[PDB]
file work08.pdb (PDB, C-alpha atoms and all ligand atoms)
MODEL        1
ATOM      1  CA  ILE J   1       7.987  15.996   7.404
ATOM      2  CA  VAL J   2      10.508  17.454   9.889
ATOM      3  CA  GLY J   3      13.340  19.561   8.536
ATOM      4  CA  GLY J   4      12.017  19.774   5.023
ATOM      5  CA  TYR J   5      10.886  22.473   2.611
ATOM      6  CA  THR J   6       7.735  23.582   0.818
ATOM      7  CA  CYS J   7       7.597  21.497  -2.288
ATOM      8  CA  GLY J   8       5.669  23.933  -4.457
ATOM      9  CA  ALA J   9       2.118  23.325  -5.742
ATOM     10  CA  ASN J  10       1.741  20.191  -7.836
ATOM     11  CA  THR J  11       5.504  19.562  -8.104
ATOM     12  CA  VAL J  12       4.954  16.015  -6.752
ATOM     13  CA  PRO J  13       2.091  14.951  -8.948
ATOM     14  CA  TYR J  14       1.834  11.368  -7.825
ATOM     15  CA  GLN J  15       1.330  12.291  -4.195
ATOM     16  CA  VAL J  16      -2.079  11.616  -2.757
ATOM     17  CA  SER J  17      -3.830  12.348   0.485
ATOM     18  CA  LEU J  18      -6.026   9.704   2.122
ATOM     19  CA  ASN J  19      -8.949  11.509   3.771
ATOM     20  CA  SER J  20     -11.688  10.376   6.113
ATOM     21  CA  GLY J  21     -12.944  13.825   7.078
ATOM     22  CA  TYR J  22      -9.331  14.758   7.752
ATOM     23  CA  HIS J  23      -5.912  13.917   6.257
ATOM     24  CA  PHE J  24      -4.546  10.748   7.883
ATOM     25  CA  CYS J  25      -2.033   9.151   5.509
ATOM     26  CA  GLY J  26      -0.257   9.641   2.192
ATOM     27  CA  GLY J  27      -0.041   7.388  -0.864
ATOM     28  CA  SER J  28       1.315   7.300  -4.403
ATOM     29  CA  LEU J  29      -0.601   7.045  -7.680
ATOM     30  CA  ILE J  30       0.825   4.180  -9.757
ATOM     31  CA  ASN J  31      -1.705   4.266 -12.584
ATOM     32  CA  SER J  32      -5.012   5.933 -13.203
ATOM     33  CA  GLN J  33      -7.009   3.610 -10.948
ATOM     34  CA  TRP J  34      -4.601   2.384  -8.264
ATOM     35  CA  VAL J  35      -2.748   3.892  -5.299
ATOM     36  CA  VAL J  36       0.004   2.327  -3.132
ATOM     37  CA  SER J  37       0.072   3.148   0.590
ATOM     38  CA  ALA J  38       0.969   1.512   3.912
ATOM     39  CA  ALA J  39      -1.103  -1.335   5.392
ATOM     40  CA  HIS J  40      -1.134   0.430   8.734
ATOM     41  CA  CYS J  41      -3.170   3.175   7.050
ATOM     42  CA  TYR J  42      -6.056   0.796   6.385
ATOM     43  CA  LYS J  43      -9.500   1.962   7.358
ATOM     44  CA  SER J  44     -12.974   1.980   5.901
ATOM     45  CA  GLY J  45     -14.358   5.201   4.464
ATOM     46  CA  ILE J  46     -11.311   6.339   2.508
ATOM     47  CA  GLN J  47     -11.566   9.188   0.038
ATOM     48  CA  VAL J  48      -8.446   9.634  -2.130
ATOM     49  CA  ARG J  49      -7.519  13.243  -2.804
ATOM     50  CA  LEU J  50      -5.398  13.872  -5.889
ATOM     51  CA  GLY J  51      -3.821  17.081  -7.140
ATOM     52  CA  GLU J  52      -3.601  18.631  -3.677
ATOM     53  CA  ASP J  53      -1.260  21.292  -2.375
ATOM     54  CA  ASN J  54      -3.133  23.096   0.383
ATOM     55  CA  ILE J  55      -5.240  20.305   1.902
ATOM     56  CA  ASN J  56      -7.532  22.747   3.683
ATOM     57  CA  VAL J  57      -8.533  24.963   0.704
ATOM     58  CA  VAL J  58     -10.043  24.023  -2.660
ATOM     59  CA  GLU J  59      -7.577  25.695  -4.963
ATOM     60  CA  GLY J  60      -8.240  23.974  -8.257
ATOM     61  CA  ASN J  61      -6.688  20.833  -9.769
ATOM     62  CA  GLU J  62      -8.063  18.596  -7.002
ATOM     63  CA  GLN J  63      -9.786  15.335  -7.804
ATOM     64  CA  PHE J  64     -11.639  13.571  -4.937
ATOM     65  CA  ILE J  65     -12.351   9.892  -5.633
ATOM     66  CA  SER J  66     -13.688   7.281  -3.285
ATOM     67  CA  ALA J  67     -11.797   4.074  -2.765
ATOM     68  CA  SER J  68     -13.649   1.035  -4.151
ATOM     69  CA  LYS J  69     -11.464  -1.438  -2.286
ATOM     70  CA  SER J  70      -8.347  -1.602  -0.198
ATOM     71  CA  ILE J  71      -6.106  -4.640  -0.345
ATOM     72  CA  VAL J  72      -3.795  -5.037   2.624
ATOM     73  CA  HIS J  73      -0.886  -7.451   2.054
ATOM     74  CA  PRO J  74      -2.128 -10.863   3.269
ATOM     75  CA  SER J  75       1.125 -11.357   5.301
ATOM     76  CA  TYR J  76       1.118  -7.931   6.929
ATOM     77  CA  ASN J  77       2.057  -8.203  10.605
ATOM     78  CA  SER J  78       0.772  -5.356  12.771
ATOM     79  CA  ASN J  79       3.271  -6.206  15.483
ATOM     80  CA  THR J  80       6.402  -6.043  13.393
ATOM     81  CA  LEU J  81       5.158  -3.933  10.478
ATOM     82  CA  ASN J  82       6.628  -6.502   8.079
ATOM     83  CA  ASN J  83       4.856  -6.286   4.639
ATOM     84  CA  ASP J  84       3.493  -2.807   5.439
ATOM     85  CA  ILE J  85       1.939  -2.221   2.041
ATOM     86  CA  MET J  86      -1.628  -1.825   0.724
ATOM     87  CA  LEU J  87      -3.195  -1.236  -2.644
ATOM     88  CA  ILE J  88      -6.222   0.995  -3.092
ATOM     89  CA  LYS J  89      -8.440   0.775  -6.151
ATOM     90  CA  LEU J  90     -10.260   3.967  -7.112
ATOM     91  CA  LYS J  91     -13.997   3.898  -7.827
ATOM     92  CA  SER J  92     -13.384   5.766 -11.109
ATOM     93  CA  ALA J  93     -10.169   6.423 -13.031
ATOM     94  CA  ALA J  94      -8.328   9.620 -12.232
ATOM     95  CA  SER J  95      -7.902  12.180 -15.011
ATOM     96  CA  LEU J  96      -4.191  12.289 -15.607
ATOM     97  CA  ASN J  97      -2.603  15.660 -16.435
ATOM     98  CA  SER J  98       0.461  17.696 -15.584
ATOM     99  CA  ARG J  99      -0.658  17.973 -12.015
ATOM    100  CA  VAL J 100      -1.945  14.456 -11.452
ATOM    101  CA  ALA J 101       0.435  11.790 -12.715
ATOM    102  CA  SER J 102       1.551   8.279 -11.923
ATOM    103  CA  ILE J 103       4.944   7.246 -10.560
ATOM    104  CA  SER J 104       6.897   4.313 -11.962
ATOM    105  CA  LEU J 105       7.488   1.116 -10.016
ATOM    106  CA  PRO J 106      11.127   0.067  -9.782
ATOM    107  CA  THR J 107      12.750  -2.616 -11.891
ATOM    108  CA  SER J 108      15.591  -3.051  -9.391
ATOM    109  CA  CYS J 109      16.251  -2.190  -5.748
ATOM    110  CA  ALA J 110      18.097   1.001  -4.864
ATOM    111  CA  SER J 111      21.557   0.987  -3.306
ATOM    112  CA  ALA J 112      22.782   2.547  -0.109
ATOM    113  CA  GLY J 113      23.578   6.257  -0.651
ATOM    114  CA  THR J 114      20.894   6.815  -3.270
ATOM    115  CA  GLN J 115      19.249  10.219  -2.749
ATOM    116  CA  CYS J 116      15.481  10.122  -2.583
ATOM    117  CA  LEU J 117      12.549  12.496  -2.263
ATOM    118  CA  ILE J 118      10.110  11.988   0.581
ATOM    119  CA  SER J 119       6.924  14.071   0.740
ATOM    120  CA  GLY J 120       3.845  14.482   2.944
ATOM    121  CA  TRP J 121       1.513  16.543   5.031
ATOM    122  CA  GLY J 122       2.577  15.051   8.383
ATOM    123  CA  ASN J 123       3.838  16.772  11.495
ATOM    124  CA  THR J 124       6.722  19.210  11.044
ATOM    125  CA  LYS J 125       8.041  19.179  14.658
ATOM    126  CA  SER J 126      10.039  16.544  16.509
ATOM    127  CA  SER J 127       8.681  17.680  19.842
ATOM    128  CA  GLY J 128       5.161  19.038  19.691
ATOM    129  CA  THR J 129       2.498  19.022  17.015
ATOM    130  CA  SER J 130       2.384  21.307  13.954
ATOM    131  CA  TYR J 131       0.650  20.164  10.777
ATOM    132  CA  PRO J 132       1.189  22.118   7.571
ATOM    133  CA  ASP J 133      -1.454  23.230   5.079
ATOM    134  CA  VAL J 134       0.804  22.623   2.095
ATOM    135  CA  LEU J 135       2.909  19.746   0.899
ATOM    136  CA  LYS J 136       6.393  19.349   2.396
ATOM    137  CA  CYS J 137       9.430  17.713   0.834
ATOM    138  CA  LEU J 138      12.649  16.154   2.133
ATOM    139  CA  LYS J 139      15.682  14.908   0.248
ATOM    140  CA  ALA J 140      17.166  11.924   2.099
ATOM    141  CA  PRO J 141      19.585   9.108   1.353
ATOM    142  CA  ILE J 142      19.104   5.408   1.792
ATOM    143  CA  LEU J 143      21.310   4.109   4.600
ATOM    144  CA  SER J 144      23.330   0.916   4.545
ATOM    145  CA  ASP J 145      21.766  -2.212   5.904
ATOM    146  CA  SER J 146      24.432  -2.392   8.585
ATOM    147  CA  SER J 147      23.673   1.056   9.874
ATOM    148  CA  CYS J 148      19.935   0.388   9.797
ATOM    149  CA  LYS J 149      20.291  -2.838  11.766
ATOM    150  CA  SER J 150      22.578  -1.147  14.276
ATOM    151  CA  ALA J 151      19.937   1.493  14.867
ATOM    152  CA  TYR J 152      17.107  -1.017  15.266
ATOM    153  CA  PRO J 153      18.579  -4.336  16.288
ATOM    154  CA  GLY J 154      16.345  -7.323  15.681
ATOM    155  CA  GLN J 155      13.568  -5.241  14.120
ATOM    156  CA  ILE J 156      14.616  -4.813  10.508
ATOM    157  CA  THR J 157      13.421  -7.354   7.963
ATOM    158  CA  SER J 158      14.500  -7.861   4.384
ATOM    159  CA  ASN J 159      11.361  -5.927   3.359
ATOM    160  CA  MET J 160      12.517  -2.719   5.071
ATOM    161  CA  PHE J 161      15.209  -0.116   4.612
ATOM    162  CA  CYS J 162      16.308   2.939   6.584
ATOM    163  CA  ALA J 163      16.599   6.412   5.028
ATOM    164  CA  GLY J 164      17.416   9.760   6.509
ATOM    165  CA  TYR J 165      19.983  11.351   8.816
ATOM    166  CA  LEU J 166      21.633   9.931  11.873
ATOM    167  CA  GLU J 167      22.460  13.359  13.180
ATOM    168  CA  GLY J 168      18.708  14.043  13.546
ATOM    169  CA  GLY J 169      16.531  16.984  12.592
ATOM    170  CA  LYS J 170      15.287  15.678   9.266
ATOM    171  CA  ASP J 171      12.733  12.834   9.007
ATOM    172  CA  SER J 172       9.214  11.823   7.996
ATOM    173  CA  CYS J 173       6.702  11.865  10.870
ATOM    174  CA  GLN J 174       3.117  11.160  11.869
ATOM    175  CA  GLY J 175       0.767  11.930   9.044
ATOM    176  CA  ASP J 176       3.381  11.073   6.416
ATOM    177  CA  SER J 177       2.698   7.336   6.725
ATOM    178  CA  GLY J 178       1.970   5.615   3.415
ATOM    179  CA  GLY J 179       3.626   8.328   1.328
ATOM    180  CA  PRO J 180       6.311   7.986  -1.284
ATOM    181  CA  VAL J 181      10.067   7.624  -1.256
ATOM    182  CA  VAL J 182      11.052   8.262  -4.862
ATOM    183  CA  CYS J 183      14.568   7.698  -6.114
ATOM    184  CA  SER J 184      15.703   8.347  -9.677
ATOM    185  CA  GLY J 185      12.064   8.620 -10.843
ATOM    186  CA  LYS J 186      10.977   5.339  -9.290
ATOM    187  CA  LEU J 187       8.916   4.445  -6.194
ATOM    188  CA  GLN J 188      11.339   2.635  -3.891
ATOM    189  CA  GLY J 189       9.717   3.091  -0.461
ATOM    190  CA  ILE J 190       6.584   3.718   1.543
ATOM    191  CA  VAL J 191       6.748   5.679   4.779
ATOM    192  CA  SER J 192       6.288   2.990   7.443
ATOM    193  CA  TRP J 193       7.717   3.475  10.955
ATOM    194  CA  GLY J 194      10.429   5.006  13.122
ATOM    195  CA  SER J 195      11.129   5.859  16.757
ATOM    196  CA  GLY J 196       9.695   9.307  17.384
ATOM    197  CA  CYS J 197      10.617  11.731  14.588
ATOM    198  CA  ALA J 198      13.953  13.199  13.663
ATOM    199  CA  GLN J 199      15.752  11.822  16.722
ATOM    200  CA  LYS J 200      19.507  11.225  16.668
ATOM    201  CA  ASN J 201      20.500   7.670  15.652
ATOM    202  CA  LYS J 202      16.929   6.729  14.847
ATOM    203  CA  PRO J 203      16.324   7.098  11.125
ATOM    204  CA  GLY J 204      13.039   6.476   9.353
ATOM    205  CA  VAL J 205      12.125   2.937   8.249
ATOM    206  CA  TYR J 206      10.477   2.335   4.895
ATOM    207  CA  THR J 207       8.768  -0.497   3.107
ATOM    208  CA  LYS J 208      11.063  -1.848   0.406
ATOM    209  CA  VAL J 209       8.850  -1.595  -2.661
ATOM    210  CA  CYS J 210      11.194  -3.445  -4.994
ATOM    211  CA  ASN J 211      10.397  -6.674  -3.112
ATOM    212  CA  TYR J 212       6.690  -6.335  -4.008
ATOM    213  CA  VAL J 213       6.576  -5.431  -7.707
ATOM    214  CA  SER J 214       5.460  -8.858  -8.817
ATOM    215  CA  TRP J 215       2.820  -8.977  -6.057
ATOM    216  CA  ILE J 216       1.541  -5.517  -7.062
ATOM    217  CA  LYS J 217       1.308  -6.450 -10.722
ATOM    218  CA  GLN J 218      -0.363  -9.815 -10.058
ATOM    219  CA  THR J 219      -2.880  -8.233  -7.668
ATOM    220  CA  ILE J 220      -3.841  -5.377  -9.961
ATOM    221  CA  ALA J 221      -4.306  -7.703 -12.921
ATOM    222  CA  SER J 222      -6.763  -9.860 -10.968
ATOM    223  CA  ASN J 223      -8.820  -7.014  -9.480
TER     224      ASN J 223
HETATM  225  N1  LIG G 301       9.896   8.376  10.049
HETATM  226  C1  LIG G 301       9.332   8.277  11.309
HETATM  227  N2  LIG G 301      10.124   8.775  12.258
HETATM  228  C2  LIG G 301       8.042   7.707  11.570
HETATM  229  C3  LIG G 301       7.528   7.609  12.879
HETATM  230  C4  LIG G 301       6.264   7.024  13.117
HETATM  231  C5  LIG G 301       5.488   6.537  12.050
HETATM  232  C6  LIG G 301       4.189   5.788  12.252
HETATM  233  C7  LIG G 301       4.165   4.264  12.435
HETATM  234  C8  LIG G 301       4.978   3.775  13.652
HETATM  235  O1  LIG G 301       6.181   4.096  13.953
HETATM  236  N3  LIG G 301       4.151   3.015  14.453
HETATM  237  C9  LIG G 301       4.777   2.542  15.764
HETATM  238  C10 LIG G 301       5.844   1.462  15.564
HETATM  239  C11 LIG G 301       7.173   1.651  16.069
HETATM  240  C12 LIG G 301       8.168   0.648  15.978
HETATM  241  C13 LIG G 301       7.840  -0.558  15.348
HETATM  242  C14 LIG G 301       6.546  -0.775  14.844
HETATM  243  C15 LIG G 301       5.511   0.248  14.944
HETATM  244  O2  LIG G 301       6.432  -2.050  14.279
HETATM  245  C16 LIG G 301       7.757  -2.631  14.444
HETATM  246  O3  LIG G 301       8.622  -1.671  15.125
HETATM  247  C17 LIG G 301       2.820   2.884  13.931
HETATM  248  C18 LIG G 301       2.535   1.462  13.485
HETATM  249  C19 LIG G 301       1.957   0.553  14.578
HETATM  250  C20 LIG G 301       1.029   1.103  13.463
HETATM  251  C21 LIG G 301       2.684   4.078  12.910
HETATM  252  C22 LIG G 301       2.390   5.391  13.710
HETATM  253  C23 LIG G 301       1.186   6.097  13.063
HETATM  254  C24 LIG G 301       1.549   7.567  13.007
HETATM  255  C25 LIG G 301       3.050   7.724  13.318
HETATM  256  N4  LIG G 301       3.567   6.327  13.514
HETATM  257  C26 LIG G 301       5.966   6.668  10.724
HETATM  258  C27 LIG G 301       7.221   7.248  10.508
HETATM  259 CA    CA G 302      -6.705  21.750  -1.843
ENDMDL
END
call {"tool": "encode", "arguments": {"input": "work08.pdb", "output": "structure tokens", "more": "lines below"}}
Ligand SMILES: N=C(N)c1ccc([C@H]2[C@H]3C(=O)N(Cc4ccc5c(c4)OCO5)[C@H](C4CC4)[C@H]3[C@@H]3CCCN32)cc1
Ligand SMILES: [Ca+2]
result
Amino acid sequence: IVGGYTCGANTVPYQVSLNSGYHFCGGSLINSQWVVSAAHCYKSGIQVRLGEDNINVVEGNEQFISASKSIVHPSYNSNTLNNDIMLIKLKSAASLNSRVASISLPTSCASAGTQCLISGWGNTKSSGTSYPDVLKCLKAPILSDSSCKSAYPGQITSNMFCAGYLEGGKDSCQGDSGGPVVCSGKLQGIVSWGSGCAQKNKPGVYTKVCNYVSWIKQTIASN
């Protein structure tokens, strides 16, 4: 997260860290046994880390649970990042509490101008590399489809939206991939792609979760 602030320990209780001996992606807890993340975060060997603030110190409230399986959207395209969404089933159910809690899926899509909260442990500089120990937060609005398409002509599908700031300085970045975009208490986006980080006229692009609720529900019920 570039241009953001320290969230405060366990203030974003649905945020998870995907770990394979290091933090590589975020995700969101959607019930006690399932996490939503980005398909481009797929790999084998994933440990899900819940209840984290400082990802480099055991502070208390952490739960570490192996992934039992990871379900990449069958129509994910690695070229275009269309359908950049994946479900992860936990080997055992998380213990839900005030510091580890699920986030609601949306019942309708969010409109342009809606203010959202984006969170992650990704890089905090636009030029250079600086990864934080603790969780960072960014408030950002959803942009109109016309502004999104003007920023990335030909590359925006109906399964994507832009969010952020055209004047630059404030964005998600590498290491934030897969994490949540929460608007009015509901999960509306997944950190997906962008052009650099926090560059002028190049806002972040996010998977549009409202297009996948029926797929998520059908997949979880059958697995
Ligand atoms: N908020 C953001 N500014 C933002 C920037 C970059 C990313 C992601 C993602 C990203 O931008 N790309 C490159 C990319 C670039 C442009 C594209 C792409 C893919 O598909 C269609 O158009 C990667 C996908 C190919 C696997 C992925 C990469 C992984 C760590 C950081 N990158 C996340 C967030
Ligand atoms: Ca920790």
call {"tool": "closest_residue", "arguments": {"input": "work08.pdb", "among": "J:156, J:134, J:93, J:109", "to": "ligand CA 302 (chain G)", "atoms": "all atoms listed in the file"}}
result
J:134
call {"tool": "residues_around", "arguments": {"input": "work08.pdb", "residues": "segment 199-210 of chain J", "least_positions_apart": "6", "cutoff": "10 Å", "atoms": "all atoms listed in the file", "output": "JSON, numbers by chain"}}
result
{"J": [36, 37, 38, 81, 82, 83, 84, 85, 105, 106, 107, 108, 109, 110, 126, 127, 140, 142, 143, 147, 148, 150, 151, 152, 156, 157, 158, 159, 160, 161, 162, 163, 164, 165, 166, 167, 168, 169, 170, 171, 172, 173, 177, 178, 179, 180, 181, 186, 187, 188, 189, 190, 191, 192, 193, 216]}
call {"tool": "resolve_selection", "arguments": {"input": "work08.pdb", "expression": "the PyMOL selection byres (((chain J and resi 17) around 8) and not hetatm)", "output": "ChimeraX atom specification"}}
result
/J:15-16,18-19,23-27,48-50,52
call {"tool": "residues_near_ligand", "arguments": {"input": "work08.pdb", "ligand": "ligand CA 302 (chain G)", "cutoff": "9 Å", "atoms": "all atoms listed in the file", "output": "ChimeraX atom specification"}}
result
/J:49-62,133-134
call {"tool": "residues_around", "arguments": {"input": "work08.pdb", "residues": "residue 219 of chain J", "least_positions_apart": "2", "cutoff": "12 Å", "atoms": "all atoms listed in the file", "output": "mmCIF file with C-alpha atoms, keeping the file's coordinate frame"}}
result
data_model
loop_
_atom_site.group_PDB
_atom_site.id
_atom_site.type_symbol
_atom_site.label_atom_id
_atom_site.label_comp_id
_atom_site.auth_asym_id
_atom_site.auth_seq_id
_atom_site.Cartn_x
_atom_site.Cartn_y
_atom_site.Cartn_z
ATOM 1 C CA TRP J 34 -4.601 2.384 -8.264
ATOM 2 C CA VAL J 36 0.004 2.327 -3.132
ATOM 3 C CA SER J 70 -8.347 -1.602 -0.198
ATOM 4 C CA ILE J 71 -6.106 -4.640 -0.345
ATOM 5 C CA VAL J 72 -3.795 -5.037 2.624
ATOM 6 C CA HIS J 73 -0.886 -7.451 2.054
ATOM 7 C CA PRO J 74 -2.128 -10.863 3.269
ATOM 8 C CA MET J 86 -1.628 -1.825 0.724
ATOM 9 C CA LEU J 87 -3.195 -1.236 -2.644
ATOM 10 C CA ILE J 88 -6.222 0.995 -3.092
ATOM 11 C CA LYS J 89 -8.440 0.775 -6.151
ATOM 12 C CA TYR J 212 6.690 -6.335 -4.008
ATOM 13 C CA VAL J 213 6.576 -5.431 -7.707
ATOM 14 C CA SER J 214 5.460 -8.858 -8.817
ATOM 15 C CA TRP J 215 2.820 -8.977 -6.057
ATOM 16 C CA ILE J 216 1.541 -5.517 -7.062
ATOM 17 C CA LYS J 217 1.308 -6.450 -10.722
ATOM 18 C CA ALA J 221 -4.306 -7.703 -12.921
ATOM 19 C CA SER J 222 -6.763 -9.860 -10.968
ATOM 20 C CA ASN J 223 -8.820 -7.014 -9.480
#
call {"tool": "residues_around", "arguments": {"input": "work08.pdb", "residues": "residue 14 of chain J", "least_positions_apart": "6", "cutoff": "6 Å", "atoms": "all atoms listed in the file", "output": "JSON, numbers by chain"}}
result
{"J": [28, 29, 101, 102, 103]}
call {"tool": "closest_residue", "arguments": {"input": "work08.pdb", "among": "J:111, J:20, J:184, J:11", "to": "residue 43 of chain J", "atoms": "all atoms listed in the file"}}
result
J:20
call {"tool": "resolve_selection", "arguments": {"input": "work08.pdb", "expression": "the PyMOL selection byres (((chain J and resi 32) around 6) and not hetatm)", "output": "NGL selection string"}}
result
:J and (31 or 33 or 93-94)
call {"tool": "axis_aligned_box", "arguments": {"input": "work08.pdb", "around": "ligand LIG 301 (chain G)", "padding_each_side": "3 Å", "output": "AutoDock Vina command-line options"}}
result
--center_x 5.6 --center_y 3.1 --center_z 13.1 --size_x 15.1 --size_y 17.4 --size_z 12.0
call {"tool": "atom_distance", "arguments": {"input": "work08.pdb", "atom1": "atom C23 of ligand LIG 301 (chain G)", "atom2": "atom CA of residue 6 of chain J"}}
result
22.3 Å
call {"tool": "resolve_selection", "arguments": {"input": "work08.pdb", "expression": "the PyMOL selection byres (((chain J and resi 118) around 7) and not hetatm)", "output": "number ranges by chain"}}
result
J: 116-117, 119, 137-139, 180-182
call {"tool": "atom_distance", "arguments": {"input": "work08.pdb", "atom1": "atom CA of residue 40 of chain J", "atom2": "atom CA of residue 198 of chain J"}}
result
20.4 Å
call {"tool": "atom_distance", "arguments": {"input": "work08.pdb", "atom1": "atom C25 of ligand LIG 301 (chain G)", "atom2": "atom CA of residue 197 of chain J"}}
result
8.7 Å
call {"tool": "closest_residue", "arguments": {"input": "work08.pdb", "among": "J:100, J:220, J:90, J:7", "to": "residue 136 of chain J", "atoms": "all atoms listed in the file"}}
result
J:7
call {"tool": "closest_residue", "arguments": {"input": "work08.pdb", "among": "J:104, J:146, J:211, J:195", "to": "ligand LIG 301 (chain G)", "atoms": "all atoms listed in the file"}}
result
J:195
call {"tool": "closest_residue", "arguments": {"input": "work08.pdb", "among": "J:3, J:63, J:92, J:145", "to": "ligand LIG 301 (chain G)", "atoms": "all atoms listed in the file"}}
result
J:3
call {"tool": "closest_residue", "arguments": {"input": "work08.pdb", "among": "J:174, J:114, J:10, J:99", "to": "residue 129 of chain J", "atoms": "all atoms listed in the file"}}
result
J:174
